[PDB]
Amino acid sequence: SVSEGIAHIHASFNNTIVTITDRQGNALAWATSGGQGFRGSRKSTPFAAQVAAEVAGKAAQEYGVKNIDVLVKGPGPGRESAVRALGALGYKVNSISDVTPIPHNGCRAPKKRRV
RNA sequence: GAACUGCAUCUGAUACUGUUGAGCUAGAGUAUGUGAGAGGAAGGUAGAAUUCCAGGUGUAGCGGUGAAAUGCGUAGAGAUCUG
């Protein structure tokens with residue numbers, strides 16, 4: 001159906017969500033580290049992001065995407081592992097971009113944790 | 001005898017303080033030219049980001065923590081794109 005695609009790698013400190021959409025922005029497939037058997041501490045590792053990206057890529061590869069460009073966002077650890085997973089799954093990467101939301105001194109952040 | 005460190009009234013001195021006359025420019029101010037600055041007050045505007053709302057795709061999680069759970073989610077969340 002679609003040959004050009006975008007892989008969004010939304011990676012937080014707790015979880016990483018790998019969605020694969022077309023060039024327009026309509027999601028084709030997605031996977032999460034918390035939806036792959038890993039919970040708690042294991043879920044926020046690069047390996048869980050690797051398996052999530054593998055699952056999402058293998059699910060969206062039946063659609064017909066071979067050309068894909070990735071959009072990494074967030075500071076989580078799996079932001080680098082997911083792209084390697086996509087590259088080793090046979091995806092032809094178009095470009096690696098880091099579009100993470102950065103306010104220009106906007107909304108006040110939550111208070112510092114006293115741990 | 002000394003002292004009573006005091007007070008009062010005359011006289012003298014004019015270095016310093018006071019009161020005065022004149023002068024001076026060095027302290028302090030004025031006019032004129034340039035300069036920097038998140039100095040102040042009143043309006044307008046821009047770009048990111050959050051939240052909310054309405055939609056398209058999409059499907060089973062999200063979120064959170066040292067772990068969790070409360071919470072949010074198949075009444076369709078989160079993710080993604082458009083207003």
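Protein chains get the first letters and strands the later ones, always in sequence-line order, with residue 1 at the start of each.
One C1' atom belongs to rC62(B), the other to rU70(B), and the distance between them is 15 Å to the nearest Å. As rounded to the nearest Å, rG27(B) and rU11(B) have P atoms that lie 46 Å from one another. Comparing the P positions of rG58(B) and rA77(B) gives a spacing of 13 Å, expressed to the nearest Å. For the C1' atoms, the distance from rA79(B) to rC72(B) is 15 Å, rounded to whole Å. Using P as the reference atom, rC53(B) and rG76(B) are 12 Å apart when rounded to the nearest Å. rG61(B) sits 16 Å from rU80(B) when the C1' atoms are compared, rounded to a whole Å. With P as the reference atom, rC52(B) and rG73(B) are 12 Å apart, rounded to whole Å. One P atom belongs to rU74(B), the other to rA60(B), and the distance between them is 15 Å to the nearest Å.
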For this session: Summarise protein proximity over nucleotides 68-83 of chain B in one line of letters, 5' to 3': B for base, S for sugar-phosphate only, - for none, counting protein heavy atoms closer than 4.0 Å.
Result: S--------BBBBS--
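Using the sign of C1'-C2'-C3'-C4' as the criterion, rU5(B) is classed as south-puckered. The pentose of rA42(B) is categorized as north (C3'-endo side) on the basis of a positive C1'-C2'-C3'-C4' torsion. Judged by the sign of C1'-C2'-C3'-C4', the sugar at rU14(B) is south, the angle being negative. A negative value of the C1'-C2'-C3'-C4' dihedral assigns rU74(B) to the south, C2'-endo side. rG76(B): sugar pucker south (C1'-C2'-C3'-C4' torsion negative).
Both conditions of the stacking definition, centres under 5.5 Å apart and planes under 30° apart, are satisfied by the base rings of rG56(B) and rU57(B). Taking ring-centre separation below 5.5 Å and interplanar angle below 30 degrees as the test, the adjacent bases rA77(B) and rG78(B) pass. Remark: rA26(B) and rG27(B) are not stacked on each other (six-membered ring centres under 5.5 Å, interplanar angle under 30° not both met). Here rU65(B) and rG66(B) show unstacked bases; the six-membered rings are not both centred less than 5.5 angstrom apart and angled under 30°. In this strand, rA54(B) stacks on its neighbour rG55(B), with six-membered ring centres under 5.5 Å apart and planes inclined by less than 30°.
Partners of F47(A) according to the ring pair (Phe, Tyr, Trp, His ring centres under 6.0 Å) rule, which considers only residues two or more places apart in sequence or in another chain, are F38(A).
With both pairing distances under 3.5 Å, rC52(B) is matched to nothing as a Watson-Crick or G-U wobble pair. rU45(B): no Watson-Crick or G-U partner with both key distances under 3.5 Å is found in any strand.
Side-chain contact check for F13(A) versus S44(A): every heavy-atom pair is 4.5 Å or farther apart.
Remark on RNA chain B: of its neighbouring residues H104(A) and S44(A), the 5'-side contact belongs to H104(A), judged by nearest-heavy-atom nucleotide. Map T100(A) and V115(A) each onto its nearest nucleotide of RNA chain B; the residue landing nearer the 5' end is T100(A).
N105(A) comes within contact range of no nucleotide atom at all, as no heavy-atom separation falls under 4.0 Å.
Of the candidates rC62(B), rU65(B), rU50(B), the closest approach to any side-chain atom of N14(A) belongs to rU65(B).
Minimum interatomic distance between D22(A) and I6(A) (heavy atoms only, all atoms of both residues): O-CD1, 3.5 Å. Of all heavy-atom pairs spanning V99(A) and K73(A), the tightest one is O-CB, 3.1 Å. Of all heavy-atom pairs between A48(A) and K43(A), the closest is CB-O, 3.6 Å.
Atoms CZ (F13(A)) and P (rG63(B)) sit 13 Å apart, rounded to a whole Å.
Geometry at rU65(B) and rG33(B) does not meet the Watson-Crick or G-U wobble definition with both required distances under 3.5 Å. Nucleotides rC7(B) and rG35(B) fail to qualify as a pair under the Watson-Crick or G-U wobble definition, as the contacts are not both shorter than 3.5 Å.
Judged purely by atom type and a 3.5 angstrom limit, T19(A) uses its side chain to pair as donor or acceptor with the backbone of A29(A). A distance-only check finds no donor-acceptor pair linking the side chain of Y91(A) to the backbone of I68(A) [under 3.5 Å]. With hydrogens and angles disregarded, a donor-acceptor distance shorter than 3.5 Å links the side chain of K66(A) to the backbone of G64(A).
The side chain to side chain contact (heavy atoms under 4.5 Å, CB included) test with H8(A) singles out one residue from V18(A), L71(A), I20(A), and that residue is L71(A).
Glycosidic conformation of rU5(B) is syn; the angle stays within 90° of 0.
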